[PDB]
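Q: Encoded as structure tokens, here's the structure I'll be asking about.
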Protein chains: 4
Amino acid sequence: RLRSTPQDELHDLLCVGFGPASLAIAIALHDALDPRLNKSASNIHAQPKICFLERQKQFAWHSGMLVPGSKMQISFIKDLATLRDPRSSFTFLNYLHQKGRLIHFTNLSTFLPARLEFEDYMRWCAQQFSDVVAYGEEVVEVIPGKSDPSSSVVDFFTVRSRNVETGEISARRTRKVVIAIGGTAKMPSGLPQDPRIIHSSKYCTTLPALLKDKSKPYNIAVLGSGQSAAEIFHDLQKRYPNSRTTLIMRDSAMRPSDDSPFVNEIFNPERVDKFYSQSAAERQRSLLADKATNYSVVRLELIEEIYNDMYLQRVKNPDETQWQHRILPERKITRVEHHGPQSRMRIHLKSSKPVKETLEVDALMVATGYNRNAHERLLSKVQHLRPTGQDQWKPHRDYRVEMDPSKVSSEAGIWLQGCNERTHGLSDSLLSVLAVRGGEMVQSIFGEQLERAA
Amino acid sequence: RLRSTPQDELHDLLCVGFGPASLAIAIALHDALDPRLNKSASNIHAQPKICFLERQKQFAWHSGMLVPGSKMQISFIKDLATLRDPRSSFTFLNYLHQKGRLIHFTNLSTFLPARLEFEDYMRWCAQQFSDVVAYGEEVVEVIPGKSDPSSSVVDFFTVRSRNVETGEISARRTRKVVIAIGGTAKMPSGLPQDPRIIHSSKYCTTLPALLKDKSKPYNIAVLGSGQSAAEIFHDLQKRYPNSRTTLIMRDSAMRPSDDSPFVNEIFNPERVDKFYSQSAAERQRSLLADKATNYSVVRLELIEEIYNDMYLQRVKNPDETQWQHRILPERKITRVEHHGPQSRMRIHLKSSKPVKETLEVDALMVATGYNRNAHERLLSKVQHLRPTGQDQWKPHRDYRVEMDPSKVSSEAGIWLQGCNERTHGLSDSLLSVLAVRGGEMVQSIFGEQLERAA
Amino acid sequence: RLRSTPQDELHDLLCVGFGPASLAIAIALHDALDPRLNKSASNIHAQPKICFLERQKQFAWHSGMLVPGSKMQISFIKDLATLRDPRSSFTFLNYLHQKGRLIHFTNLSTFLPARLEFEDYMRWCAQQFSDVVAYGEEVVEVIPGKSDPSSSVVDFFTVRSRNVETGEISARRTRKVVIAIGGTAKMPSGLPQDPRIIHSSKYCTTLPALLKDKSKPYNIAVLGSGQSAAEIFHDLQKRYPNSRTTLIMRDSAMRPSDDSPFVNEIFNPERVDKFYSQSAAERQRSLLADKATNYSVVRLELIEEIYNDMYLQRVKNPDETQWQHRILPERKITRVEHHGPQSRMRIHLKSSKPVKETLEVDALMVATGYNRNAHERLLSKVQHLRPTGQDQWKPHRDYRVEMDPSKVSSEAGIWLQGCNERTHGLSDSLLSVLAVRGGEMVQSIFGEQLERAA
Amino acid sequence: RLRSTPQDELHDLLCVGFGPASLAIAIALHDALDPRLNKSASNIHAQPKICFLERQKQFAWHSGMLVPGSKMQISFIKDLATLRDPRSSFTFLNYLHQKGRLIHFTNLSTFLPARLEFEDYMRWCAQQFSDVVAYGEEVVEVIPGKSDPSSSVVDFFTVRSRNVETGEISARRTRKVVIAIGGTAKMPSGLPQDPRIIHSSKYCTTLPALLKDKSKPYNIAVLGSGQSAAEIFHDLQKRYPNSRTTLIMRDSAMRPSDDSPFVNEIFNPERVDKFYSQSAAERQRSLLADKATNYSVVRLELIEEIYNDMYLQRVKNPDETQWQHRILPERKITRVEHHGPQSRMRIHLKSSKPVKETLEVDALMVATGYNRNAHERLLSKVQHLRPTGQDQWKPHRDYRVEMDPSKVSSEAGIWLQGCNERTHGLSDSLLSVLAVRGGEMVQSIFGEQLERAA
Ligand SMILES: Cc1cc2nc3c(=O)[nH]c(=O)nc-3n(C[C@H](O)[C@H](O)[C@H](O)COP(=O)(O)OP(=O)(O)OC[C@H]3O[C@@H](n4cnc5c(N)ncnc54)[C@H](O)[C@@H]3O)c2cc1C
Ligand SMILES: Cc1cc2nc3c(=O)[nH]c(=O)nc-3n(C[C@H](O)[C@H](O)[C@H](O)COP(=O)(O)OP(=O)(O)OC[C@H]3O[C@@H](n4cnc5c(N)ncnc54)[C@H](O)[C@@H]3O)c2cc1C
Ligand SMILES: Cc1cc2nc3c(=O)[nH]c(=O)nc-3n(C[C@H](O)[C@H](O)[C@H](O)COP(=O)(O)OP(=O)(O)OC[C@H]3O[C@@H](n4cnc5c(N)ncnc54)[C@H](O)[C@@H]3O)c2cc1C
Ligand SMILES: Cc1cc2nc3c(=O)[nH]c(=O)nc-3n(C[C@H](O)[C@H](O)[C@H](O)COP(=O)(O)OP(=O)(O)OC[C@H]3O[C@@H](n4cnc5c(N)ncnc54)[C@H](O)[C@@H]3O)c2cc1C
Ligand SMILES: NC(=[NH2+])NCCC[C@H](N)C(=O)O
């Protein structure tokens with residue numbers, strides 16, 4: 001139903017990225033314009049001029065970490081529509097019904113679909129917006145624009161994207177921009193660059209290209225102790241059955257993720273209001289107090305599964321140093337030799353406490369998480385539009401960043417999505433509040449036009 | 001939206017009973033007439049003349065067995081709309097959203113709502129049809145009618161109902177009837193009539209009236225080993241903390257209900273087709289082979305809970321004969337003395353194998369299940385409209401009973417709901433297929449009118 | 001401590017088979033002779049002359065079905081000593097302590113060790129009796145003996161065993177014999193002999209020899225729906241990742257094993273008394289009523305795991321006929337073509353109801369359970385010592401078979417172990433009562449000598 | 001077997017307290033002297049002169065917190081003997097066997113006995129040492145003694161105890177002392193003294209005496225968010241069915257206890273060596289990093305149970321302020337009015353963040369945990385025997401406190417048990433290492449005598 005806008009026309013909304021965050025906005029807009037769900041939508045005149053720019057060739061949801069068997073870490077009810085409107089055609093349950101699979105999923109008695117299934121649910125959602133999404137487009141910069149060039153008022157933005165295949169630059173003009181680009185791979189600064197040192201985000205993509213023979217006796221190390229590291233470490237024994245694997249962590253042990261009901265309530269959509277209204281001190285204190293819900297934590301079932309495997313090695317061999325798969329707690333990497341004639345790097349280890357063994361490995365999987373600062377690069381040319389002296393983007397409750405009112409028209413603005421954890425809570429980078437947030441976003445961006453019909 | 005029909009007018013549909021079975025038909029009709037869900041509904045002219053007759057004063061779902069804590073025995077996905085259309089406003093999830101309770105239910109991580117909650121979900125559904133439901137109306141008979149009295153063709157039915165409060169008889173004429181009246185309480189024929197002998201269906205209703213003091217030291221017996229007996233036996237220790245309870249069963253032990261996924265697939269809506277198409281031999285054989293999914297079975301968690309309580313008695317006292325709460329396996333009642341001057345009846349027991357103890361009790365809770373033959377009484381006057389010599393109602397796949405084509409107009413008919421287990425499967429008397437069956441029913445009854453618009 | 005008896009000497013006890021049943025007798029005897037556990041053992045004079053004959057080269061516990069990951073189906077508390085005496089050095093917990101593994105097993109929070117671990121526990125037990133066990137000895141016949149050849153009284157037995165490696169026959173004389181030889185592989189009589197048709201008992205042993213390349217695209221069928229079939233079917237997708245597998249069952253679905261607490265109590269050691277004392281009618285009726293505890297049943301977790309895998313195939317492909325791993329319910333094999341030039345047999349299928357597809361397979365795994373009648377062949381020459389006209393062995397409560405008192409001395413006898421399900425219950429062929437039964441056996445066999453010391 | 005020593009004689013060991021810690025020492029000594037378990041014990045000459053002093057009238061294990069239904073928070077394998085020797089007659093499993101209850105406990109499939117059952121297991125253990133335990137004896141002071149009064153060398157200690165019933169002081173002389181007195185109730189310093197303000201440790205003891213009518217409509221508050229608070233809060237709705245309850249916590253939510261396998265390994269007996277050998281910095285850092293295993297945490301099942309109850313209140317009433325049972329997160333008590341004429345105290349609340357409601361309550365249950373500094377009072381007169389200038393007791397690895405070698409004979413010493421968390425780990429105050437620690441203690445105290453026999 002959402003028809004495309006020609007590249008040359010001034011858009012109402014331009015969204016950078018087409019992952020879950022932007023997809024949920026697209027769904028919310030569809031629903032707000034659906035007369036079947038929003039009775040006032042029968043009176044809307046023109047369709048808003050909207051466009052989504054995605055750098056991937058097609059919709060994919062963390063494809064490099066689509067480890068076989070890997071499950072969702074959130075209830076399917078927290079899909080892209082249900083918490084806002086269970087009547088929506090974009091719910092996970094309606095998707096299953098459409099695929100002829102609803103009765104079968106029911107028989108599984110689980111709230112946790114496979115990652116592979118949930119990606120397909122979101123792929124199914126994404127495809128219905130193909131006319132308004134430009135794939136293979138990496139946005140490189142956002143530039144302020146003045147429709148009256150002689151004035152001192154900014155009232156639009158130019159979004160410039162590089163074609164991933166051809167390398168050419170395109171420009172699209174919009175009144176309002178949304179940055180929903182997720183996070184970048186975080187690597188420890190001490191580790192050197194080498195094709196054998198690969199971030200977890202590229203596990204399914206890059207590793208099989210490097211270690212082509214699945215039956216060879218490789219030595220493979222994993223750095224980290226989060227969900228990503230545990231998943232890779234568990235997968236390696238299956239993917240490379242004859243390989244010797246090592247898990248290197250600086251903590252003493254893998255620790256369970258906390259989804260206990262009372263604690264879990266921080267992820268409730270209505271709690272964003274309460275969290276935002278807290279002071280910087282209480283917000284920082286609150287984030288630290290509830291960290292075990294999301295960061296440096298592993299799902300209990302996975303910890304137990306790994307532990308069980310470790311015990312089975314003990315049954316077969318009482319000598320820990322002879323085990324095929326090992327875990328080295330409270331260790332840090334101090335040096336990596338990678339200029340030797342052999343295919344194996346040499347990793348020097350020490351205690352993580354305030355010296356130890358050396359490992360020879362064919363590959364080092366680095367599962368050290370993500371940073372969320374990629375938007376900063378894209379927004380460098382619009383920095384001067386912030387209030388004088390303010391050197392950081394300040395998102396409001398509605399995610400619209402603060403800009404000097406005397407420099408920027410009220411019709412122009414920039415919204416940030418999925419990088420606002422410090423201001424909005426631990427549900428910000430997740431799927432938790434996407435259905436509800438998407439609806440709030442549509443009301444914040446298209447509210448004026450939707451009021452005319454209401 | 002469904003407007004009432006005056007009592008004097010010829011109805012298109014008259015439904016006897018307004019429990020889940022009829023409620024799901026009402027919901028399906030609403031949805032078939034909703035242009036938002038069925039695009040062809042924009043062209044329908046007149047609303048069908050429909051009426052539901054319910055004997056209870058208001059909607060209640062097995063209120064006599066609303067034991068505190070009692071849970072659902074089926075996934076909430078198998079509600080009254082979802083398996084047919086997850087977009088419907090009558091889904092369990094939309095209900096929760098409407099009550100402002102969806103995020104909270106999500107945090108429970110359960111597919112099994114409390115019975116109390118699910119009744120309220122269905123109460124919420126039922127209330128939106130209050131204009132087309134006549135409460136306090138017990139249907140007593142269905143009578144064949146001929147619009148041309150001199151002809152030999154029946155083309156309508158008179159439905160006669162007794163007002164529960166006033167005792168007066170009313171009559172409503174309809175082309176099509178649905179009998180969806182559930183089941184009647186089954187009592188062992190050997191047990192005599194006494195106010196102290198109460199069926200499980202009346203546990204919350206009748207027992208507190210008989211045993212008014214909750215702190216008194218009563219002796220209370222429970223007969224049976226199904227879900228009802230286990231629930232009552234478990235509840236009694238809480239409801240009457242100082243009472244001595246006994247569970248009398250003829251089996252050796254309580255046995256778990258089977259909801260293992262492969263086995264559970266017999267409850268799939270599309271399987272009704274496959275089950276109906278089987279022969280009488282294969283259907284009888286199939287029902288017997290899968291009995292542990294529904295009959296004489298208890299949910300595992302409840303069995304374990306009871307067992308745990310029994311063990312705690314063993315910790316406190318190694319003498320089984322001194323226990324406050326006891327279970328007597330493989331026993332049958334042979335005689336009940338109930339003419340003695342005391343308040344306690346005397347129950348004589350024997351082995352159930354092809355003699356034993358005597359119990360003195362203030363009340364005997366009889367949890368011996370249900371029969372489904374109440375429709376037979378209401379349909380006695382229409383029996384002669386069946387094909388010559390046929391002494392049982394033969395429901396088709398679409399639940400319409402066979403009638404002689406030369407005696408009954410094609411516009412007239414009678415449908416049976418919830419009593420067709422032998423022909424339609426073990427999902428027939430349950431909630432399992434209600435959403436889908438309701439939709440099939442609407443197509444079978446109102447199909448002609450809905451085709452004109454489609 | 002148990003010293004060996006020379007082959008030529010008259011033994012007090014000769015045991016045929018050294019599996020769990022006989023191992024538990026050996027342990028019980030050790031414990032009865034241990035002054036630390038039985039205070040009267042300080043006064044015993046001579047060690048009884050005992051010998052165990054085992055056909056396997058060394059102790060192994062169903063080695064052909066040691067599928068990777070396969071777990072125990074019984075609590076570790078029901079090991080070979082604990083239920084009789086938790087102080088015994090032969091308990092599972094003491095074994096773990098001896099291996100330096102007790103604290104680690106504790107951290108697993110499971111009552112269900114790996115099959116591989118529990119076999120090693122029993123191997124550990126078995127090794128301490130190596131001096132009184134003759135491995136590589138297959139017993140072929142038991143012969144009545146008369147120390148006075150001119151009399152008509154039997155007072156000993158000759159046990160004849162064939163050396164598995166050399167083929168020679170040895171003879172050992174004993175007053176008392178125990179037959180504890182477990183069960184033989186049951187094959188459907190309709191299936192023809194072929195190296196590609198293999199019983200489940202030989203899965204780990206025989207299949208890898210036939211299908212040597214684990215990466216080849218084989219077609220592999222599994223017949224059955226018990227624990228063995230489910231385990232093999234689940235394992236095949238891992239063992240042969242590129243092979244197309246089929247599960248052929250005559251039932252409609254895999255059904256869960258019943259270990260619900262009240263029901264499980266039939267396995268209690270003290271219940272053997274109660275079960276034995278029942279009539280043939282009640283025993284047959286009782287066995288049939290509780291069949292789901294042991295036969296044609298699969299552990300719930302495994303059913304769910306398989307079901308989950310099947311659903312994952314549905315996610316990837318909605319076409320069931322294209323799935324790599326398939327299950328064909330309610331089917332029976334009617335013909336097997338196996339004289340064709342290709343490596344694949346052709347299996348003709350029909351409905352199991354009172355016609356279907358053809359499968360081409362490289363191997364057929366037959367998981368159709370076991371028979372327990374091997375003792376009959378070994379006892380043919382002693383049949384005439386039973387009471388006149390009695391054509392079946394009648395074991396007493398103490399497992400000693402009935403023999404004519406005028407033909408057999410009171411000092412001579414034959415005991416049956418693990419084949420007495422019809423007389424002793426569903427715990428007879430299991431590990432359930434082994435600790436307690438072993439102790440009863442020692443008292444039944446060595447009671448006279450142990451009374452002198454007591 | 002352990003015979004009593006007359007009060008006047010010099011003891012080898014005097015133990016202050018007869019709870020789990022001391023009980024495990026008694027058991028270890030029994031086992032070390034049992035020739036059946038320790039082969040060298042056949043050669044020991046004299047029984048050591050040992051005595052245990054307990055202030056309670058008889059053995060009781062946290063009797064004031066024996067809330068109905070309350071379960072163990074540790075595997076039964078970590079009983080008072082098993083991890084040291086599974087052959088011991090003092091194991092939990094042997095206890096069950098002795099009570100005729102082993103097969104039944106097995107059928108529960110749980111590692112977590114009821115608190116009531118486990119106390120009875122330890123009561124059963126304790127009774128076999130009744131001849132060497134003096135009940136009703138509260139130790140008040142430990143005094144250094146010099147057998148040569150003119151010398152400057154201490155070589156014994158006088159232990160002085162007050163009879164709880166009569167008030168008289170008794171004195172017992174010993175070479176070696178063990179202080180195993182557990183912890184004292186910790187109350188917030190801001191709360192005033194009042195009979196209506198009761199510590200959790202006295203919940204079952206003191207509250208029913210204050211609130212005698214269980215059916216009255218009381219207002220009852222609970223302060224805290226640990227296991228104790230959750231247990232009391234959950235129990236109150238059952239114990240006082242018509243009472244309005246409030247949970248006051250300064251944290252945002254109840255948080256789950258961590259027993260994930262890898263993390264749980266800190267509780268392994270052999271890990272005490274590794275923990276003790278760490279520096280003060282690493283030990284403090286380690287304790288803080290693993291706090292969620294023991295402190296301010298609730299068992300997941302209990303959190304969920306409470307949460308479920310809270311949701312059921314939401315079903316019945318959407319207004320949180322009308323709920324019978326409520327939880328007030330992030331609150332602190334600032335003032336308590338308790339001089340008013342009514343029976344209800346007035347509690348003034350504020351936010352716990354760096355103002356709120358007032359509660360009127362009949363009782364305030366204070367579940368604010370325990371302190372472990374009671375030994376300091378008893379050891380004041382022996383303080384000067386520590387090395388010059390050292391103002392804190394420094395326990396060695398073997399739990400023997402450091403004393404000046406020139407002041408104290410090598411035959412004299414004082415050991416601390418259950419208060420050494422800072423030096424020995426999080427397993428110190430628990431049941432976790434009691435079996436193993438008890439054995440280490442016996443070797444540390446009676447080692448010289450046991451070497452003569454070995
Ligand atoms: C392996 C993994 C599994 C997870 N699973 C869960 C889960 O089970 N439940 C849960 O609640 N949370 C989960 N998360 C958290 C995760 O952040 C969210 O599920 C989700 O990815 C957030 O969506 P987003 O759109 O904000 O970011 P993303 O999903 O990363 O979407 C960003 C998109 O923008 C595109 N993009 C980036 N830069 C540019 C550019 N310059 N120009 C154009 N396009 C660009 C990217 O290609 C990407 O498609 C998971 C995270 C990971 C890494
Ligand atoms: C205690 C209990 C709990 C259950 N819980 C579950 C569950 O968890 N999940 C599940 O799938 N199945 C469950 N069932 C099965 C149950 O049959 C269905 O949930 C459901 O009740 C079937 O609906 P129905 O309309 O066919 O029958 P009913 O629900 O019995 O509805 C029949 C209605 O017709 C009315 N009526 C009867 N006779 C007349 C008359 N002569 N005139 C007018 N009105 C009349 C009655 O008042 C009643 O309201 C349960 C059954 C019981 C007894
Ligand atoms: C794969 C599998 C797994 C099982 N797991 C469980 C479980 O988890 N828990 C449970 O309670 N039950 C289980 N069982 C049931 C099983 O019957 C018992 O665990 C156990 O094997 C019974 O011991 P047994 O000594 O009676 O028979 P077996 O264990 O079969 O021992 C018989 C021994 O006698 C030897 N023998 C046979 N014939 C001769 C001869 N002519 N001469 C000399 N020696 C001979 C055999 O080599 C064998 O070693 C399992 C069964 C199978 C097939
Ligand atoms: C309610 C509760 C439940 C618990 N449950 C668990 C559990 O499930 N698992 C677990 O591992 N840990 C648990 N714990 C931890 C607990 O500390 C240990 O289980 C155990 O109590 C430690 O034993 P102890 O002998 O060191 O201390 P205690 O058990 O407190 O024993 C001290 C004894 O010394 C006596 N005493 C004190 N002062 C004197 C004196 N001056 N003179 C004479 N006698 C004195 C006391 O009467 C008492 O009997 C629990 C703690 C509490 C409060
Ligand atoms: N199929 C099975 N699960 N067999 C094992 C049965 C063991 C039995 N439930 C017991 O506790 O002793």
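Going by the structure tokens order, chains are called A, B, ..., each with residues numbered from 1, while ligands are numbered from 1 in the order shown.
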Would you kindly report the residues of chain D within 9 Å of chain C, using only C-alpha atoms, as a VMD selection string?
A: chain D and resid 35 to 37 75 77 to 78 82 to 89 91 93 to 94 97 102 to 104 106 to 111 259 to 262 264 to 265 268 to 269
Q: Write out as a compact mmCIF listing (two decimals) with N, CA, C and O atoms, in the first residue's frame which residues come within 8 Å of segment 179-194 of chain A when counting only C-alpha atoms, dropping same-chain ones fewer than 3 positions away.
A:
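File out.txt, as written:
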# COMPACT_ATOMS: atom_id res chain seq x y z
N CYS A 15 14.45 7.23 6.72
CA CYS A 15 14.99 6.39 7.77
C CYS A 15 16.28 5.69 7.34
O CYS A 15 16.33 5.01 6.31
N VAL A 16 17.32 5.89 8.14
CA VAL A 16 18.62 5.27 7.91
C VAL A 16 18.63 3.92 8.64
O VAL A 16 18.52 3.86 9.86
N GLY A 17 18.75 2.85 7.86
CA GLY A 17 18.70 1.48 8.39
C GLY A 17 17.31 0.89 8.24
O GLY A 17 16.31 1.58 8.44
N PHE A 18 17.24 -0.39 7.87
CA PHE A 18 15.98 -1.11 7.86
C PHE A 18 16.09 -2.43 8.62
O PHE A 18 15.87 -3.52 8.08
N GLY A 19 16.45 -2.31 9.90
CA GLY A 19 16.40 -3.42 10.83
C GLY A 19 15.13 -3.31 11.65
O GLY A 19 14.26 -2.49 11.34
N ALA A 21 14.18 -1.88 14.42
CA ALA A 21 13.78 -0.54 14.85
C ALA A 21 13.00 0.23 13.79
O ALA A 21 11.92 0.77 14.07
N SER A 22 13.53 0.27 12.57
CA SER A 22 12.87 0.95 11.46
C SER A 22 11.67 0.16 10.94
O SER A 22 10.66 0.75 10.55
N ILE A 197 41.70 -13.32 13.25
CA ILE A 197 41.01 -12.71 14.39
C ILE A 197 39.68 -12.12 13.90
O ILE A 197 39.66 -11.11 13.19
N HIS A 199 35.50 -11.07 14.70
CA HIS A 199 34.43 -10.72 15.64
C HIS A 199 33.26 -11.67 15.51
O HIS A 199 32.97 -12.16 14.41
N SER A 201 30.16 -11.25 15.35
CA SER A 201 29.18 -10.80 14.35
C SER A 201 29.41 -11.39 12.96
O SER A 201 28.51 -11.38 12.12
N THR A 334 47.63 -10.83 26.43
CA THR A 334 48.63 -9.77 26.55
C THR A 334 49.44 -9.57 25.27
O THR A 334 49.87 -8.45 24.97
N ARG A 335 49.65 -10.65 24.52
CA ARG A 335 50.37 -10.59 23.25
C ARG A 335 49.87 -11.64 22.26
O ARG A 335 49.53 -12.76 22.65
N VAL A 336 49.81 -11.26 20.99
CA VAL A 336 49.46 -12.18 19.91
C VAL A 336 50.56 -12.17 18.85
O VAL A 336 50.80 -11.16 18.19
N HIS A 338 51.69 -13.31 15.30
CA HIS A 338 50.98 -13.62 14.06
C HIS A 338 51.78 -13.29 12.82
O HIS A 338 51.22 -12.95 11.77
N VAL A 366 36.35 -13.46 18.46
CA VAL A 366 36.27 -12.39 19.45
C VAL A 366 34.82 -11.99 19.67
O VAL A 366 34.23 -11.28 18.86
N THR A 368 33.27 -9.90 21.95
CA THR A 368 33.42 -8.84 22.95
C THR A 368 32.36 -7.74 22.84
O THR A 368 32.56 -6.61 23.30
N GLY A 369 31.23 -8.07 22.22
CA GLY A 369 30.08 -7.17 22.17
C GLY A 369 30.15 -6.06 21.15
O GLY A 369 30.90 -6.13 20.18
N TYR A 370 29.34 -5.02 21.39
CA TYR A 370 29.11 -3.97 20.40
C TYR A 370 29.21 -2.57 21.00
O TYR A 370 29.00 -2.38 22.20
N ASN A 371 29.55 -1.60 20.16
CA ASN A 371 29.43 -0.18 20.48
C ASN A 371 28.26 0.43 19.71
O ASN A 371 27.87 -0.08 18.67
N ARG A 372 27.71 1.53 20.23
CA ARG A 372 26.61 2.23 19.56
C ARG A 372 26.93 3.71 19.36
O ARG A 372 26.31 4.58 19.97
N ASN A 373 27.90 3.99 18.49
CA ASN A 373 28.33 5.37 18.21
C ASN A 373 28.51 5.67 16.72
O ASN A 373 29.16 6.66 16.36
N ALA A 374 27.94 4.84 15.86
CA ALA A 374 28.08 5.01 14.41
C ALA A 374 27.32 6.23 13.89
O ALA A 374 27.71 6.82 12.87
N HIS A 375 26.26 6.62 14.60
CA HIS A 375 25.45 7.77 14.23
C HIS A 375 26.20 9.08 14.32
O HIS A 375 25.90 10.02 13.58
N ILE A 414 15.59 15.48 13.66
CA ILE A 414 16.31 14.21 13.60
C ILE A 414 16.00 13.37 14.85
O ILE A 414 16.10 13.85 15.98
N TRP A 415 15.60 12.12 14.62
CA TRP A 415 15.26 11.18 15.69
C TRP A 415 16.28 10.08 15.75
O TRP A 415 16.74 9.59 14.72
N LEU A 416 16.64 9.67 16.97
CA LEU A 416 17.56 8.55 17.16
C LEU A 416 16.83 7.33 17.72
O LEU A 416 16.00 7.45 18.62
N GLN A 417 17.15 6.15 17.17
CA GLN A 417 16.52 4.90 17.58
C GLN A 417 17.56 3.82 17.89
O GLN A 417 18.48 3.59 17.09
N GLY A 418 17.40 3.16 19.03
CA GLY A 418 18.23 2.00 19.39
C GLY A 418 19.61 2.29 19.97
O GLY A 418 20.36 1.35 20.25
N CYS A 419 19.93 3.56 20.15
CA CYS A 419 21.22 3.95 20.74
C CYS A 419 21.04 4.82 21.99
O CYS A 419 22.00 5.40 22.51
N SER A 429 17.71 -0.95 23.08
CA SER A 429 18.41 -1.62 21.98
C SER A 429 17.82 -2.98 21.64
O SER A 429 18.34 -3.68 20.77
Q: Using only C-alpha atoms and all ligand atoms, which residues have at least one atom no more than 7 Å from ligand 5? Output them as a ChimeraX atom specification.
A: /C:73-75,78,257,259,264,267,293-295,297-299,427,430-432
Q: Hey, can you check how far atom CA of residue 31 of chain A sits from atom CA of residue 399 of chain A?
A: 20.5 Å
Q: Please, which residues of segment 303-393 of chain A, numbered as in this document, come out alpha helix (DSSP H) from DSSP, as a list in words?
A: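 Going through segment 303-393 of chain A, the alpha helix (DSSP H) residues come out as residues 303, 304, 305, 306, 307, 308, 309, 310, 311, 312, 313, 314, 315, 316, 375, 376, 377 and 378 of chain A.
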Q: Could you jot down the atom CA of residue 143 of chain A to atom 53 (C, counted along the ligand's line) of ligand 1 separation for me, Å, one decimal place?
A: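 Computed distance, atom CA of residue 143 of chain A to atom 53 (C, counted along the ligand's line) of ligand 1, equals 29.4 Å.
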Q: Give the strand (DSSP E) residues of segment 10-146 of chain A, as DSSP finds them on the backbone, and put them as JSON, numbers by chain.
A: {"A": [11, 12, 13, 14, 15, 16, 50, 51, 52, 53, 133, 134, 137, 138, 139, 140, 141, 142, 143, 144, 145]}
Q: Between A:44, A:445, A:126, A:10, which residue has the minimum interatomic distance to ligand 1, considering only C-alpha atoms and all ligand atoms?
A: A:126
Q: Distance atom 9 (N, counted along the ligand's line) of ligand 4-atom CA of residue 81 of chain C, one decimal place?
A: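 Between atom 9 (N, counted along the ligand's line) of ligand 4 and atom CA of residue 81 of chain C the gap is 27.4 Å.
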Q: With only C-alpha atoms as the counted atoms, please give the residues lying no more than 12 Å from residue 410 of chain C, apart from itself and same-chain residues fewer than 4 positions off, as a PyMOL selection string.
A: chain C and resi 153-156+175-176+400+402-406+414+445+448
Q: Mind dumping the selected residues with C-alpha atoms as a compact mmCIF listing (two decimals), in the first residue's frame?
A:
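Produced file result_12.txt, reproduced below:
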# COMPACT_ATOMS: atom_id res chain seq x y z
CA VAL C 153 17.93 -87.98 43.70
CA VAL C 154 19.58 -85.01 41.95
CA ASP C 155 21.88 -82.99 44.25
CA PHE C 156 24.08 -80.98 41.85
CA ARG C 175 24.75 -77.21 44.06
CA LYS C 176 22.88 -74.03 43.10
CA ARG C 400 13.79 -70.48 43.05
CA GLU C 402 9.66 -75.37 41.54
CA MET C 403 11.15 -78.86 41.34
CA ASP C 404 9.81 -82.24 42.45
CA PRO C 405 10.94 -82.67 46.11
CA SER C 406 11.34 -86.45 45.63
CA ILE C 414 17.88 -73.26 40.20
CA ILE C 445 21.14 -69.12 48.55
CA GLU C 448 22.15 -71.54 56.01
